[PDB]
Each structure stands twice: as structure tokens, then as C-alpha cells.
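Everything on this sheet refers to the single structure shown next.
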Amino acid sequence: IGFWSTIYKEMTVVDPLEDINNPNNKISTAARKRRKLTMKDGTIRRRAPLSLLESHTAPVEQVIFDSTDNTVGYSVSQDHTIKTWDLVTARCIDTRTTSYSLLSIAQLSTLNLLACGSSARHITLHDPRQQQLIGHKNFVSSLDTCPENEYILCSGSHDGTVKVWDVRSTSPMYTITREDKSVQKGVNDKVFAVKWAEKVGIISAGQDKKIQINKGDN
RNA sequence: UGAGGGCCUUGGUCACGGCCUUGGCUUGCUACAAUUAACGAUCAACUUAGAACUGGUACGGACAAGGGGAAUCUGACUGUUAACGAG
């Protein structure tokens with residue numbers, strides 16, 4: 001996991017040339033030309049991360065800030081575990097182990113819960129200091145939380161159907177699908193991104209090029 | 001002559017540091033030379049296959065198995081006292 005700064009002046013510069021130019025020990029001509037081919041689009045500013053938090057043993061699928069602390073860094077990876085981080089010390093604080101690879105993580109700070117959607121077609125609820133939502137039919141790719149209601153979260157999955165869930169229940173309330181005449185259910189139909197926008201509703205996008213907007217307002 | 005970086009700076013903005021704007025090493029497009037680059041640089045490969053010292057050759061000097069020579073009679077028998085026979 002990388003820890004970066006939005007303001008680029010606070011982060012150390014990285015120079016691709018200096019690796020092959022300052023020592024210049026046994027850099028081959030072909031390697032030099034290959035390096036040169038990577039800066040054909042001008043010389044844009046390049047920066048190095050403020051920190052590199054490294055404890056996961058499998059590809060990390062998502063990372064989020066704490067909705068209150070800004071120092072707690074919950075993240076999920078393909079190594080069935082949820083790790084919380086101390087961004088000040090860049091260290092892993094606590095680890096939780098799930099049975100399946102986790103693909104998305106979302107937070108419900110108003111009731112202190114973490115919803116992790118896994119590759120086992122379900123979303124597990126954890127207390128970062130329980131119940132699990134089921135009903136999907138493929139990988140749960142992304143999650144989002146309702147802005148006005150604190151008990152509702154939306155989930156998009158690789159089966160092409162978004163679903164809205166109440167936390168207290170275990171079944172979806174509404175199952176949004178892709179409204180398109182040219183989409184096939186299992187050929188080109190996936191939801192790679194879902195978003196709860198407080199003004200326009202639910203935005204879903206994926207394998208089908210169309211970006212779909214659904215009301216999702218009372 | 002356009003682009004991207006670096007040092008400058010000018011105002012408004014949020015408690016030395018952000019946000020929005022103002023004017024002055026790399027590469028892109030064009031114009032005249034060079035096309036003997038038939039040059040130069042760099043990375044990578046490369047170590048000495050030789051062993052053996054056998055004899056028969058022509059020559060120079062002594063041994064080599066061992067008493068010799070001639071002619072007639074005689075036995076199978078050619079082209080000059082023909083030859084031959086361990087007679």
C-alpha cells in the first residue's frame with residue numbers, strides 16, 4: 001500500500017536518468033534506449049511515495065481512510081484478511097482473517113461497522129475495535145453507502161446486477177439491473193464501479209460501455 | 001518556431017505552507033549543410049594440439065652351415081668341350 005501526498009512539493013523527487021547515468025557501471029546501449037523510450041512524452045514531474053505500508057501477502061484490492069480519524073487505514077486484500085494501519089508509524093495494527101478473498105471494503109461510521117464484499121458472493125460485516133449479506137451470484141466488485149440513510153448500502157457484482165441492502169436484514173431490498181437492449185446477461189455484463197451520489201442517485205458502470213443512473217431516492 | 005521541466009515574480013485567497021491567475025535541460029514540427037557512419041562507443045564471449053624416440057637403408061671393414069678341380073663311361077634328354085644327376 002502506498003501513502004502519498006496531494007501536494008507534490010512535500011514528497012521526494014525520483015529521477016529515472018540518475019539510475020543509469022550517475023553510476024553508469026554496465027548499462028547496455030539497448031537498456032539505455034529502452035529507458036529513453038519511456039520519456040518520449042516530455043519530462044513530467046515524478047515523485048516517490050511518502051510511505052510504503054507492506055504487510056499483505058496477496059494483491060490488495062481496496063484501501064480507505066477512517067471517516068473520522070484520518071489516521072486509521074483499513075484495507076482488504078486477496079489474502080482473506082482485513083488489516084488496519086497506523087499511518088503515522090506506517091505499521092499494521094490489527095488483522096482479521098476471513099475465509100475467502102476480499103474484493104471491496106466500505107465503512108459505516110454512523111454505526112461503527114465495516115462491510116467487506118468478498119469473492120464468495122457475499123458481504124461480511126465486521127466491528128473494527130457478525131452478520132453477512134447474501135444474494136449475489138458472482139464477485140462483489142464494489143460497495144457504497146447511502147448518504148442520507150445510515151442503514152442502507154449498495155453493492156455491485158460481476159453478475160451485472162446492483163443490489164441495495166439494509167444492514168439489519170439479510171436479503172436485498174431492490175435489485176437494479178442494466179437497462180440495455182444490446183447487453184447479454186453473461187456475455188458482456190459486469191459492474192466494475194458503483195457510486196452513491198447524494199444528488200443524482202446510483203451510478204453504475206462496467207463491462208457494458210453505458211454508464212447507468214438510477215433514482216434510488218425514496 | 002511550438003510543447004514539457006527548473007530558477008523568478010505579480011495580485012486575490014485560506015493559519016513559513018496550500019488554492020486560482022499574470023509576464024522570461026528533454027522533446028516536437030520546419031529551413032541550409034553531411035551522406036566514404038567505409039566512423040565511433042558500449043555490453044557480452046576467448047585461451048598455447050601436440051605426442052612418441054622405432055627402425056630398416058645405401059656405403060666403408062671381418063664371420064657366415066663347408067676340402068676343391070678337370071675329363072671320360074653311364075641314366076632320363078635342349079637350342080656348344082650344351083646343360084642335368086649330391087650315378
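Within each chain, counting starts at residue 1; across the C-alpha cells, chains are named A, B, ... in the order shown, with ligands numbered 1 upward in that order.
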Legend entry - Proximal residues of chain B relative to chain A (only C-alpha atoms (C1' of nucleotides); 7 Å) as a VMD selection string: chain B and resid 4 to 5 26 to 27 42 to 43
Inset, instruction - Find the residues around residue 65 of chain A up to 10 Å (only C-alpha atoms (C1' of nucleotides) counted), leave out those fewer than 4 positions away in its own chain, and share them as a list in words. - result: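 Contacts, with the query itself left out: residues 69, 70, 71, 72, 73, 74, 75, 84, 85, 87, 106 and 107 of chain A.
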For the selection just defined, write its residues with N, CA, C and O atoms to a file, as a compact mmCIF listing (two decimals), in the first residue's frame.
# COMPACT_ATOMS: atom_id res chain seq x y z
N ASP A 69 -11.02 9.40 11.89
CA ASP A 69 -9.66 9.56 12.42
C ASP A 69 -8.72 10.21 11.41
O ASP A 69 -7.95 11.10 11.78
N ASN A 70 -8.77 9.78 10.15
CA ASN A 70 -7.82 10.10 9.09
C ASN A 70 -6.45 9.48 9.33
O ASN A 70 -5.56 9.63 8.48
N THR A 71 -6.25 8.79 10.45
CA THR A 71 -5.01 8.08 10.73
C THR A 71 -5.18 6.56 10.66
O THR A 71 -4.18 5.84 10.64
N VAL A 72 -6.41 6.07 10.61
CA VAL A 72 -6.68 4.65 10.53
C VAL A 72 -6.98 4.29 9.08
O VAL A 72 -7.76 4.97 8.41
N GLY A 73 -6.35 3.22 8.59
CA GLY A 73 -6.29 2.94 7.17
C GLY A 73 -6.79 1.59 6.70
O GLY A 73 -6.11 0.96 5.88
N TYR A 74 -7.93 1.11 7.21
CA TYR A 74 -8.46 -0.21 6.87
C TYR A 74 -8.29 -0.54 5.39
O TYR A 74 -8.54 0.29 4.52
N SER A 75 -7.85 -1.77 5.13
CA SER A 75 -7.64 -2.24 3.76
C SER A 75 -7.95 -3.73 3.68
O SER A 75 -7.91 -4.44 4.69
N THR A 84 -5.83 -3.16 9.62
CA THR A 84 -5.92 -1.75 9.97
C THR A 84 -4.52 -1.21 10.22
O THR A 84 -3.64 -1.93 10.71
N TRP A 85 -4.30 0.05 9.87
CA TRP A 85 -2.96 0.62 9.80
C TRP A 85 -2.85 1.87 10.67
O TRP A 85 -3.83 2.58 10.89
N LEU A 87 -1.12 5.10 10.16
CA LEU A 87 -0.47 5.84 9.09
C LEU A 87 0.68 6.70 9.60
O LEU A 87 1.62 6.99 8.85
N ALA A 106 -16.03 -1.12 2.54
CA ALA A 106 -16.74 0.13 2.78
C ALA A 106 -16.98 0.26 4.28
O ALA A 106 -16.97 -0.72 5.02
N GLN A 107 -17.21 1.49 4.73
CA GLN A 107 -17.36 1.79 6.14
C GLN A 107 -18.71 2.42 6.42
O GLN A 107 -19.23 3.21 5.62
Inset, instruction - Mind listing the alpha helix (DSSP H) residues of chain A, per DSSP on the backbone, as a PyMOL selection string? - result: chain A and resi 16-21+29-36
Please produce an output containing N, CA and C atoms for each residue in the selection, written as a PDB file, in the first residue's frame.
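Printed below is again33.pdb as written:
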ATOM      1  N   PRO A  16      14.513   8.988 -13.129  1.00  0.00           N
ATOM      2  CA  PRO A  16      14.869   7.756 -13.854  1.00  0.00           C
ATOM      3  C   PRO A  16      16.256   7.792 -14.470  1.00  0.00           C
ATOM      4  N   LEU A  17      16.726   8.968 -14.890  1.00  0.00           N
ATOM      5  CA  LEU A  17      18.025   9.060 -15.551  1.00  0.00           C
ATOM      6  C   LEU A  17      19.165   8.697 -14.607  1.00  0.00           C
ATOM      7  N   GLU A  18      19.080   9.128 -13.345  1.00  0.00           N
ATOM      8  CA  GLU A  18      20.212   9.010 -12.430  1.00  0.00           C
ATOM      9  C   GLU A  18      20.608   7.558 -12.182  1.00  0.00           C
ATOM     10  N   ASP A  19      19.667   6.622 -12.324  1.00  0.00           N
ATOM     11  CA  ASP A  19      19.994   5.215 -12.112  1.00  0.00           C
ATOM     12  C   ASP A  19      20.996   4.714 -13.144  1.00  0.00           C
ATOM     13  N   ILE A  20      20.835   5.124 -14.404  1.00  0.00           N
ATOM     14  CA  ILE A  20      21.688   4.637 -15.485  1.00  0.00           C
ATOM     15  C   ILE A  20      22.745   5.645 -15.915  1.00  0.00           C
ATOM     16  N   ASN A  21      22.734   6.856 -15.365  1.00  0.00           N
ATOM     17  CA  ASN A  21      23.674   7.899 -15.762  1.00  0.00           C
ATOM     18  C   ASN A  21      24.739   8.194 -14.719  1.00  0.00           C
ATOM     19  N   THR A  29      23.646  -0.437 -24.107  1.00  0.00           N
ATOM     20  CA  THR A  29      23.033   0.536 -25.005  1.00  0.00           C
ATOM     21  C   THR A  29      21.552   0.243 -25.209  1.00  0.00           C
ATOM     22  N   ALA A  30      21.196  -1.038 -25.346  1.00  0.00           N
ATOM     23  CA  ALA A  30      19.794  -1.401 -25.518  1.00  0.00           C
ATOM     24  C   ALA A  30      18.973  -1.030 -24.291  1.00  0.00           C
ATOM     25  N   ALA A  31      19.518  -1.267 -23.095  1.00  0.00           N
ATOM     26  CA  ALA A  31      18.826  -0.866 -21.875  1.00  0.00           C
ATOM     27  C   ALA A  31      18.674   0.648 -21.802  1.00  0.00           C
ATOM     28  N   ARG A  32      19.706   1.386 -22.216  1.00  0.00           N
ATOM     29  CA  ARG A  32      19.624   2.843 -22.213  1.00  0.00           C
ATOM     30  C   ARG A  32      18.543   3.338 -23.166  1.00  0.00           C
ATOM     31  N   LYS A  33      18.460   2.752 -24.362  1.00  0.00           N
ATOM     32  CA  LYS A  33      17.423   3.158 -25.306  1.00  0.00           C
ATOM     33  C   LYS A  33      16.036   2.773 -24.805  1.00  0.00           C
ATOM     34  N   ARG A  34      15.917   1.609 -24.161  1.00  0.00           N
ATOM     35  CA  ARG A  34      14.636   1.209 -23.589  1.00  0.00           C
ATOM     36  C   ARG A  34      14.197   2.178 -22.500  1.00  0.00           C
ATOM     37  N   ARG A  35      15.136   2.616 -21.659  1.00  0.00           N
ATOM     38  CA  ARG A  35      14.817   3.632 -20.661  1.00  0.00           C
ATOM     39  C   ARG A  35      14.409   4.940 -21.327  1.00  0.00           C
ATOM     40  N   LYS A  36      15.129   5.339 -22.378  1.00  0.00           N
ATOM     41  CA  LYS A  36      14.816   6.580 -23.080  1.00  0.00           C
ATOM     42  C   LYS A  36      13.418   6.542 -23.682  1.00  0.00           C
TER      43      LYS A  36
END
Inset, instruction - Report the residues of chain A whose backbone DSSP state falls under strand (DSSP E or B), written as a ChimeraX atom specification. - result: /A:2-3,13,47,51-52,60-63,72,75-77,81-86,91-97,102-108,113-118,122-126,132-134,140-145,152-157,162-166,172-176,191-197,201-206,212-214
Legend entry - Shell around segment 63-74 of chain B at 12 Å using only C-alpha atoms (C1' of nucleotides), local window under 3 positions removed, as a list in words: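 What passes the distance filter is residues 81, 85 and 87 of chain B.
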Write the residues of the preceding selection, restricted to C-alpha atoms (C1' of nucleotides), as a PDB file, in the first residue's frame.
ATOM      1  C1'   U B  81      84.194 -79.110 -74.634  1.00  0.00           C
ATOM      2  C1'   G B  85      72.283 -86.462 -61.937  1.00  0.00           C
ATOM      3  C1'   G B  87      75.263 -92.376 -60.636  1.00  0.00           C
TER       4        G B  87
END
Inset, instruction - Please provide the set of residues having any atom within 8 Å of residue 192 of chain A, restricted to only C-alpha atoms (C1' of nucleotides), with same-chain residues fewer than 6 positions apart removed, written as a ChimeraX atom specification. - result: /A:141-142,156-158,204-207
Legend entry - Residue neighbourhood residue 194 of chain A, 12 Å, only C-alpha atoms (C1' of nucleotides), exclusion window fewer than 5 positions, as an MDAnalysis selection string: chainID A and resid 104 106 140:146 153:158 160:164 176 201:206 211:214
Only C-alpha atoms, please: the residues just picked out, written as a PDB file, in the first residue's frame.
ATOM      1  CA  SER A 104     -14.135  -4.437  -1.742  1.00  0.00           C
ATOM      2  CA  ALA A 106     -16.742   0.127   2.785  1.00  0.00           C
ATOM      3  CA  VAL A 140     -18.771  -8.452  -5.357  1.00  0.00           C
ATOM      4  CA  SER A 141     -16.651  -5.807  -7.061  1.00  0.00           C
ATOM      5  CA  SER A 142     -17.521  -2.547  -5.292  1.00  0.00           C
ATOM      6  CA  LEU A 143     -19.572  -1.206  -2.392  1.00  0.00           C
ATOM      7  CA  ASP A 144     -21.000   2.173  -1.453  1.00  0.00           C
ATOM      8  CA  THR A 145     -23.080   3.614   1.378  1.00  0.00           C
ATOM      9  CA  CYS A 146     -26.304   5.601   1.147  1.00  0.00           C
ATOM     10  CA  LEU A 153     -25.557   0.261   1.329  1.00  0.00           C
ATOM     11  CA  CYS A 154     -25.400  -0.574  -2.377  1.00  0.00           C
ATOM     12  CA  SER A 155     -23.281  -3.348  -3.872  1.00  0.00           C
ATOM     13  CA  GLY A 156     -22.267  -4.032  -7.469  1.00  0.00           C
ATOM     14  CA  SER A 157     -21.236  -7.505  -8.585  1.00  0.00           C
ATOM     15  CA  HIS A 158     -19.818  -9.237 -11.660  1.00  0.00           C
ATOM     16  CA  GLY A 160     -24.293  -7.308 -13.750  1.00  0.00           C
ATOM     17  CA  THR A 161     -26.873  -6.564 -11.039  1.00  0.00           C
ATOM     18  CA  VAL A 162     -26.549  -3.914  -8.339  1.00  0.00           C
ATOM     19  CA  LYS A 163     -28.391  -4.550  -5.075  1.00  0.00           C
ATOM     20  CA  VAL A 164     -29.404  -2.268  -2.206  1.00  0.00           C
ATOM     21  CA  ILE A 176     -31.156  -2.905 -10.072  1.00  0.00           C
ATOM     22  CA  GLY A 201     -28.770   8.629  -7.053  1.00  0.00           C
ATOM     23  CA  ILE A 202     -26.824   5.494  -8.007  1.00  0.00           C
ATOM     24  CA  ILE A 203     -24.189   5.467 -10.761  1.00  0.00           C
ATOM     25  CA  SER A 204     -23.222   2.048 -12.128  1.00  0.00           C
ATOM     26  CA  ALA A 205     -20.637   1.199 -14.768  1.00  0.00           C
ATOM     27  CA  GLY A 206     -18.764  -1.830 -16.028  1.00  0.00           C
ATOM     28  CA  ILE A 211     -22.936   4.488 -17.505  1.00  0.00           C
ATOM     29  CA  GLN A 212     -26.322   3.922 -15.870  1.00  0.00           C
ATOM     30  CA  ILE A 213     -28.036   6.306 -13.449  1.00  0.00           C
ATOM     31  CA  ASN A 214     -30.806   5.045 -11.175  1.00  0.00           C
TER      32      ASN A 214
END
Inset, instruction - In Å, rounded to a single decimal, give me how far atom CA of residue 13 of chain A is from atom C1' of residue 7 of chain B. - result: 16.8 Å
